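Notes follow the structure.
Don't worry about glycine lacking a Cβ; one is built from the backbone with ideal geometry, like all the others, and counts go over all protein chains shown. Basis: the model, the stated rules and, where named, an outside source; these are not laboratory values.
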Protein chains: 4
Amino acid sequence: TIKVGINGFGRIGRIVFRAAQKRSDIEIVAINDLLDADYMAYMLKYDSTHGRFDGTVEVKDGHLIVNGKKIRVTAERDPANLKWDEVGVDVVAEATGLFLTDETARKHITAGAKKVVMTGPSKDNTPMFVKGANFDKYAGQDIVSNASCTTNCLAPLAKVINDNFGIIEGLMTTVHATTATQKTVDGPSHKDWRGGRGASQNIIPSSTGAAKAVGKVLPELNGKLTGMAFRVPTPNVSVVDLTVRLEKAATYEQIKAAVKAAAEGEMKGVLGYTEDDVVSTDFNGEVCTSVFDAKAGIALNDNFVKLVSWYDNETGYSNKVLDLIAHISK
Amino acid sequence: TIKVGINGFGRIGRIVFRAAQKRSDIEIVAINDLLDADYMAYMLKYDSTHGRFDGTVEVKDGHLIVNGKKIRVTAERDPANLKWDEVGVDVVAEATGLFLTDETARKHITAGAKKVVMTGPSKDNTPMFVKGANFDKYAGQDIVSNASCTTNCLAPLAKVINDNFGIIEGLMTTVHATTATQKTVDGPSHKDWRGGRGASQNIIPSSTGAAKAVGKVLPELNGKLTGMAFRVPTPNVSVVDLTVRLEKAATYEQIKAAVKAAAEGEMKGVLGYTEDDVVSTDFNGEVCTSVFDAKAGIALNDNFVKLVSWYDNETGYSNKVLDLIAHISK
Amino acid sequence: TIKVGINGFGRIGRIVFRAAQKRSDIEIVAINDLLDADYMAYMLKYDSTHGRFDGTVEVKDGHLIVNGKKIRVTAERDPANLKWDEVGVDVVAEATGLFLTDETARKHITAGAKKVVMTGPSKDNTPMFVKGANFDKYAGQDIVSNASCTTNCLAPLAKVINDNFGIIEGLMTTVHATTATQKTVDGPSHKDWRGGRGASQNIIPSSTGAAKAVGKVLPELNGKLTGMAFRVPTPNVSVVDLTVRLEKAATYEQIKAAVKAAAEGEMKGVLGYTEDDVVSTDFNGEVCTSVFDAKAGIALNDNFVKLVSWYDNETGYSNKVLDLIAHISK
Amino acid sequence: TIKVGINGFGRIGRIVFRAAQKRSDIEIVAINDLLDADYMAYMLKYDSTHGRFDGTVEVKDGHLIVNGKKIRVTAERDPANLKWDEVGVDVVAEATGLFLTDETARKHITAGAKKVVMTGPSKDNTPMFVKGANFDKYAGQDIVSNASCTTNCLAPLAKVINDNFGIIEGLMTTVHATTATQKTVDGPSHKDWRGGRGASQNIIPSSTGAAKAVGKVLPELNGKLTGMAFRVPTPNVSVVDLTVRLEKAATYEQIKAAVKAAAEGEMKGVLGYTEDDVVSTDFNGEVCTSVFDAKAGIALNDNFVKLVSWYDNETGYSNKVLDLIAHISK
Ligand SMILES: OC[C@H]1O[C@H](O[C@H]2O[C@H](CO)[C@@H](O)[C@H](O)[C@H]2O)[C@H](O)[C@@H](O)[C@@H]1O
Ligand SMILES: OC[C@H]1O[C@H](O[C@H]2O[C@H](CO)[C@@H](O)[C@H](O)[C@H]2O)[C@H](O)[C@@H](O)[C@@H]1O
Ligand SMILES: OC[C@H]1O[C@H](O[C@H]2O[C@H](CO)[C@@H](O)[C@H](O)[C@H]2O)[C@H](O)[C@@H](O)[C@@H]1O
Ligand SMILES: OC[C@H]1O[C@H](O[C@H]2O[C@H](CO)[C@@H](O)[C@H](O)[C@H]2O)[C@H](O)[C@@H](O)[C@@H]1O
Ligand SMILES: O=P(O)(O)OC[C@H](O)CO
Ligand SMILES: O=P(O)(O)OC[C@H](O)CO
Ligand code: NA
Ligand code: NA
Ligand code: NA
Ligand code: NA
């Protein structure tokens, strides 16, 4: 069993926590945030998106007892003082959004943890991994990043399309659920003016490096992909809309067959495949990081196609954070 | 003054009515729908999207008095019985969605009107005209179609891009506001299963012929564009996301300059241009049918680019219905 | 096992179906609606509010196979032709909204069923039963009504409050989720003008007979309660806000104790009790028809108090439809 | 002309600014916030709720030029250093939410301003005023409060009902639009746990002292009113739902006549009256602080009634902030 400490009990920290409950190989043993234990219990117990917690939650002497297991609660803002070794933490899920460089995340190792997984793209050269794309490149590094939710959706699909047909170039849009960085009514967002506008009222364009970042996890695609996002008023689940030019001519039935074969074979549990008349809520709670929507896509011709793939930006990414923790512990 | 009769007082009929109040050349003299006059007055007076009617509305003897002018109200299910000649109607804005062929719309001419403008794409070979694409091709037809709200956004932008740089092949997506065909909660939609899913909860993939329809108004683009839609939980305003491969190399700054020149020149009032940090609500009430969003788009390279253009799917289209009524009346 | 036929596969029919899967005493053996079996299977499999169906669904020879059991599918518009006897149906869940009188619902009995439960308030004097109010008054009737979702929330709470403290007079408000009768954007609703206004954009006042209907199930409260509704932009879960004047003085802590005792005692599984910091989504999927929110209510004084109670208007009501089917089948 | 400085360019500061443009008696001459001038120009120019600014906005040398008038922009967090006398400020609209006591707001006077109006209820004994209730009690104080949006809706209506019929006791609910203190998805709100839950997904109960505060502006009602709130997923406009017991029996027609007479007489421009089939968006942009909805209310009997009154929580309150500035300057 790998013992995990969570730093940051936001959306990702809390959904990582829930996902860990259903996995025998990983045990959460500690959570650090600036929240009292009783408030943390409340945030875990009730979830507007994913419903009530499946289990028991007790607060006792400032710590959490979840399904009978003691969880150490701390409130340190300097990771160096977290004493992770005192709870035997193997890997830290670094989920605050604040320690996305080697120098900041290394404090967890100073504090006693063996390894760190950043639940977001690194701001320095800390290596990023995406399951289905490059987990097999992991080379023992003590600090790694799971990239972003959007890159976790695009890269598996781009890998299948490229391996089979050769991507000449592609442009991506993600139509993305509202997230915690947005505002309920027009409010201050000085580093992202569009992102301050009322989330429930608007389609909001947003820049994203997620498509370009596919080149870090699939170097053969470096320079061949970029894109952008529209934030829309849904609370969870997002969709990738990938427009690509192909070297090898492929009918839409041939593209479907290639994606389905990968979903049922090497990318099982990462890439999914459906031909049903799905909508976004049909993926609320989905663990696959990329579910190809066969009927939604459209080809102009055998070398120019628009492909659609769903992702639960909360659940799929959180599950693959856990997958990366397990992988680096092998 | 062109005297206009409106058949159908749905979203388009009512926003056409409001827009006509601000035009000196066009006067609404009659409305036909299966609604009592007092209910018609209520729907005109109050609008959840566009606010209160700017003017006075009263009911007198079963007809409407709007800004002191009498509007004849009827409830005929057969357009042949509309007696448009009794109110001197020149052009009918045919806005029921039910009479999109020559044989059905021509009943208005039997009923006394001189010309008909369909407020939707024709279902036979009734010619479509889109301002900024092919109004200059109009050659005296007495029944025409103003195409669709999406075709009105894509066509003007595609023409500028094709005329300057040559579109080899393009794929659209329209991220589109919720419309009246959708359902509040998951409900029956036997001919469009995804479309019956609750509109406020979901991102809903939808098919659209708008991109392919650009070939009807711009024959040079026939076979070069196709696309799809995502319906999202906003009440009005939509956006075109056009991914094109270009024959002539063009940097993103050169593309911006070409679009801005058309917006400030020949296409003024049809194609708009902005470099501001806009979001969808910034176009609620916008009259331009295609507003290019300079900062939102992104180029992968000089021959492969993603272009973004906004449209108020209610207001822009309705204003151009009136423009086509004026154009065919010259 | 009670064999049940469902007439009407709308929101209530489909959530009754799901809830029946978890009950050993009731088995759905047939569904009737104007939908093809493959579309029925789609609506059952995917739900924007309640997630994916927990089980298997397939179509075989025009009928449904759900969890390996065959469900007879028909599309009869006249219930007299439903041949319920051919599938051994004991009770019909009459869920179309169209047959809310004895003469119409009794066609099911001519068609071979033994008893009928209307999933809405009867429009004649067909008796209504509400769990926690008057199930014990049932005296062998073969056609009954389960009242409405709001009456199911208010009645159990009103009974506890009246029995303990005496309600002299009370006024409700239900802040209610959007329903299928509403419109996505401002549209025609000739018999309820406010109800045609776009559901996602507005707080919509609505009339309701639910408070007055409590007198039918609790004759002692006849003439003592009335109220109204506000429809708001949420997809499911509603709340009762009951303002009552009391005959016997009761502090808010004494009121809480009385409600908690009923929730933990005689009214267990019908009336719930919480002191947590809950919000509407915390009751999405809740089976209790009335969950008292201790912290949300407020007393002005010992004889004048505002009480708050939650209900999943889909799930709670549907589960109590099944409870009434079981109760009349004893 | 009264020269005004705005401290805090949030929703209230910006809508006060817009409202001031349409009033000759008040001139905004300076704005202080922690935002650059170019970002302030953007927030003023575009508004998701109220549309584009009606006028011209230029940034020049770090200050704003709005409709040709120079507006001094500063970014001081210590009001004592604002040098309001250097721009000749008469009254400060204190709109940060941070200086709601005499000691903090007095810094504006230290800094050169003559008077301060707090755009929120005071936290100390700073006197509150509500137009239509107690402006005539203002006695020259240099620091005052305009109370809250909800008290500005309830107090005018409560005054008419009490003056005519005698309020024995009342309980209020406000069904309230989402505001800036809420969260887009479940997030941290340690002082208001329910208020951190995703705003677009939930009906959210909230405590409010607004009803009790009516007793400060109408002492004759002290101890006779209290209530609570439900926050719901709309972006603006809220509604008061007042359940009251009356000393003098009054038919609902008599209540309507009393409210209408006050709306057309002494409370003109504060209290409005409608019998139309309105919904919340019909009051987006409304300047009256309380619009009585005659058809929405319901009486149980001649002494126990539920009354409904609308308010644009942004626009009405902002206009009455300006009214209070003008009043204290008389
Ligand atoms: O931070 C100052 C800049 O604000 C805007 O730019 C930011 O926000 C944009 C979205 O509205 C992003 O696209 C951009 O990356 C951010 O820098 C504004 O557009 C700029 O003019 C300001 O310099
Ligand atoms: O009408 C029966 C068919 O329903 C679906 O197809 C419709 O709905 C789709 C959106 O869900 C549209 O894309 C499609 O064009 C419609 O025909 C279902 O997908 C089909 O299998 C049914 O035969
Ligand atoms: O059907 C005609 C009437 O429409 C309205 O009244 C209906 O709609 C209201 C909600 O907007 C309901 O309260 C009312 O009970 C319905 O009858 C309108 O208010 C009436 O004046 C019309 O006659
Ligand atoms: O701040 C700690 C308390 O948090 C909650 O109470 C706050 O938030 C409530 C709404 O969820 C408010 O009603 C209350 O006024 C606030 O104090 C929690 O309910 C309490 O148990 C905590 O002590
Ligand atoms: O591009 P067209 O043919 O619609 O022409 C519209 C121009 O405004 C003509 O002046
Ligand atoms: O209050 P009633 O009559 O519905 O009784 C329901 C109780 O659960 C009976 O045991
Ligand atoms: Na585990
Ligand atoms: Na006109
Ligand atoms: Na069963
Ligand atoms: Na002014």
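Below are the figures for this structure:
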item: Residue check, C:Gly223 within 13 Å of chain D (Cβ to nearest Cβ), touching a strand residue (DSSP E or B) at 6+ places or on another chain (Cβ under 9 Å) and assigned to a loop (DSSP other than H, G, I, E, B); result: yes
item: A:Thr49, sole failed condition from (1) touching a residue at least 60 places away in the same chain (Cβ under 8 Å); (2) closer than 30 Å to A:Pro127 by Cα; (3) touching a strand residue (DSSP E or B) at 6+ places or on another chain (Cβ under 8 Å); result: (2)
item: Enumerated helices (runs of 4 or more DSSP H) restricted to the range B:20-114, each holding at least 2 residues that are of a type in the set (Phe, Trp, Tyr); result: B:37-45
item: Condition check for D:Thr151: among the hydroxyl-bearing types (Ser, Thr, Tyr) and within 14 Å of another protein chain (Cβ to nearest Cβ); result: no
item: Failed condition for C:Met267, given (1) of a type in the set (A, V, I, L, M); (2) surrounded by fewer than 22 Cβ atoms within 10 Å (Cβ to Cβ); (3) assigned to a loop (DSSP other than H, G, I, E, B); result: (2)
item: Counted residues, the range C:182-195 - those being more than 8 Å from every other protein chain (Cβ to nearest Cβ) and in contact with a helix residue (DSSP H, G or I) (Cβ under 9 Å, 6 or more places away or on another chain); result: 1
item: Failed item in (1) part of a helix (DSSP H, G or I); (2) buried (at least 24 other Cβ atoms within 10 Å of the Cβ); (3) small (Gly, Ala, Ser), with C:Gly170 passing the rest; result: (1)
item: Pick from the range A:270-288, criterion part of a loop (DSSP other than H, G, I, E, B) and in contact with a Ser or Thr (Cβ under 9 Å, 6 or more places away or on another chain), ranking: farthest from the other protein chains (Cβ to nearest Cβ); result: A:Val270
item: Residues within the range C:6-17 that are closer than 19 Å to C:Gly68 by Cβ and either in contact (Cβ under 8 Å) with a residue 60 or more places away in the chain or within 11 Å of chain B (Cβ to nearest Cβ) (or both), tallied; result: 1
item: Unique residue being in contact with a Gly (Cβ under 8 Å, 6 or more places away or on another chain) and either farther than 18 Å from D:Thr150 by Cα or not assigned by CATH to the domain that holds D:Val175 (or both) when the list is D:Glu286, D:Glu247, D:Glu253; result: D:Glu247
item: From the options C:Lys295, C:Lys306, C:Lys256, residue that is within 16 Å of ligand 4 (Cβ to nearest atom) and assigned to a strand (DSSP E or B); result: C:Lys306
item: Enumeration of residues in the range B:240-261 that are more than 10 Å from chain A (Cβ to nearest Cβ) and buried (at least 24 other Cβ atoms within 10 Å of the Cβ); result: B:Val240, B:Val259
item: First in the range B:61-80 and more than 16 Å from B:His108 (Cα to Cα), second anywhere and among the basic types (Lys, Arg) and part of a strand (DSSP E or B), Cβ under 6 Å, 6 or more apart; result: B:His63/B:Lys70; B:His63/B:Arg72
item: Selection count, the range A:228-253, where residues are outside any strand (DSSP E or B) and out of contact with any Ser or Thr (no Cβ under 9 Å at 6 or more places or on another chain); result: 7
item: Condition check for D:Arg52: away from chain B (no Cβ under 14 Å) and away from ligand 4 (no atom under 16 Å from the Cβ); result: no
item: Matching residues, the range A:196-220, being facing chain B (nearest Cβ under 10 Å) and touching a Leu at 6+ places or on another chain (Cβ under 6 Å); result: A:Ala211
item: Of all residues in the range B:179-214 being hydroxyl-bearing (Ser, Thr, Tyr) and buried (at least 24 other Cβ atoms within 10 Å of the Cβ), the one that is nearest to ligand 7 (Cβ to nearest atom); result: B:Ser200
item: Within the range A:1-29, considering residues that are of a type in the set (D, E, K, R) and under 17 Å from A:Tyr317 (Cα atoms), the one nearest to the chain's Cα centre (by Cα); result: A:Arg11
item: Scan of the range A:179-210 for residues that are over 30 Å from A:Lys224 (Cβ atoms) and within 17 Å of the chain's Cα centre (by Cα), ordered by number; result: A:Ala180
item: Some residue of the range C:62-78 being in contact with a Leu (Cβ under 6 Å, 6 or more places away or on another chain), within 16 Å of ligand 9 (Cβ to nearest atom) and farther than 19 Å from C:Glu94 by Cβ; result: no
item: Matching option when the condition is more than 14 Å from chain C (Cβ to nearest Cβ), polar (S, T, N, Q) and more than 21 Å from the chain's Cα centre (by Cα), among A:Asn32, A:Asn67; result: A:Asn67
item: Output for the range B:164-181, where each listed residue is hydrophobic (A, V, I, L, M, F, W, C) and either within 15 Å of ligand 2 (Cβ to nearest atom) or touching a helix residue (DSSP H, G or I) at 6+ places or on another chain (Cβ under 9 Å) (or both); result: B:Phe165, B:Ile167, B:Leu171, B:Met172, B:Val175, B:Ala177, B:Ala180
item: Subset of the range A:21-42 (residues that are in contact with a helix residue (DSSP H, G or I) (Cβ under 6 Å, 6 or more places away or on another chain) and surrounded by 18 or more Cβ atoms within 10 Å (Cβ to Cβ)); result: A:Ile26, A:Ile28, A:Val29, A:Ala30
item: Breaking point among (1) out of contact with any strand residue (DSSP E or B) (no Cβ under 9 Å at 6 or more places or on another chain); (2) within 14 Å of chain A (Cβ to nearest Cβ); (3) free of Cβ contacts under 8 Å to residues at least 24 places away in the same chain, for C:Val57; result: (1)
